[PDB]
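Enquirer: Take a look at the following structure, please.
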Amino acid sequence: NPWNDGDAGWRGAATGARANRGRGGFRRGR
RNA sequence: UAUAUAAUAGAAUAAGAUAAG
């Protein structure tokens with residue numbers, strides 16, 4: 001899709017919904 | 001889409017000299 005123009009947006013944002021769909025343990029830490 | 005859990009037992013029965021206050 002060209003209209004996205006390299007912008008993931010909400011699907012690739014930092015929102016709590018996207019940060020609550022992984023199980024890594026947050027051990028190493030960003 | 002993750003690297004991890006830990007429980008079964010039993011027996012009846014005694015040796016004995018220190019150069020002291």
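Just so we're on the same page: first chain in the structure tokens is A, next is B, and so on; residues restart at 1 for each chain, and ligands are numbered from 1 in the order they show up.
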Counting only C-alpha atoms (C1' of nucleotides), which residues of chain B sit at most 12 Å from some atom of chain A, and what is each one's closest atom pair with its distance in Å to one decimal, listed by chain and rising residue number, as a Markdown table?
Expert:
| residue | atom | partner | partner_atom | distance |
| --- | --- | --- | --- | --- |
| B:1 | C1' | A:23 | CA | 6.3 |
| B:2 | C1' | A:23 | CA | 6.3 |
| B:3 | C1' | A:24 | CA | 11.3 |
Enquirer: Just the selected residues (N, CA and C atoms (P, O5', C5', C4', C3', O3' and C1' of nucleotides)), exported as a PDB file, in the first residue's frame, please.
Expert:
ATOM      1  P     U B   1       5.003 -15.558  17.371  1.00  0.00           P
ATOM      2  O5'   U B   1       4.782 -15.662  18.946  1.00  0.00           O
ATOM      3  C5'   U B   1       5.775 -15.198  19.855  1.00  0.00           C
ATOM      4  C4'   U B   1       5.737 -15.949  21.166  1.00  0.00           C
ATOM      5  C3'   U B   1       5.745 -17.472  21.053  1.00  0.00           C
ATOM      6  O3'   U B   1       6.465 -18.021  22.156  1.00  0.00           O
ATOM      7  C1'   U B   1       3.798 -16.777  22.194  1.00  0.00           C
ATOM      8  P     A B   2       8.039 -18.319  22.032  1.00  0.00           P
ATOM      9  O5'   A B   2       8.465 -18.755  23.504  1.00  0.00           O
ATOM     10  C5'   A B   2       9.074 -17.831  24.394  1.00  0.00           C
ATOM     11  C4'   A B   2       8.701 -18.116  25.828  1.00  0.00           C
ATOM     12  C3'   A B   2       8.615 -19.584  26.223  1.00  0.00           C
ATOM     13  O3'   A B   2       9.872 -20.172  26.509  1.00  0.00           O
ATOM     14  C1'   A B   2       6.682 -18.473  26.966  1.00  0.00           C
ATOM     15  P     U B   3       9.973 -21.748  26.809  1.00  0.00           P
ATOM     16  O5'   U B   3       9.925 -21.845  28.400  1.00  0.00           O
ATOM     17  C5'   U B   3      10.257 -23.055  29.066  1.00  0.00           C
ATOM     18  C4'   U B   3      11.614 -22.968  29.716  1.00  0.00           C
ATOM     19  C3'   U B   3      11.722 -22.028  30.908  1.00  0.00           C
ATOM     20  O3'   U B   3      11.274 -22.617  32.116  1.00  0.00           O
ATOM     21  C1'   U B   3      13.514 -21.622  29.418  1.00  0.00           C
TER      22        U B   3
END
Enquirer: Residues of chain A classed as helix (DSSP H, G or I) by DSSP on the backbone are to be reported as a count of residues only.
Expert: 8
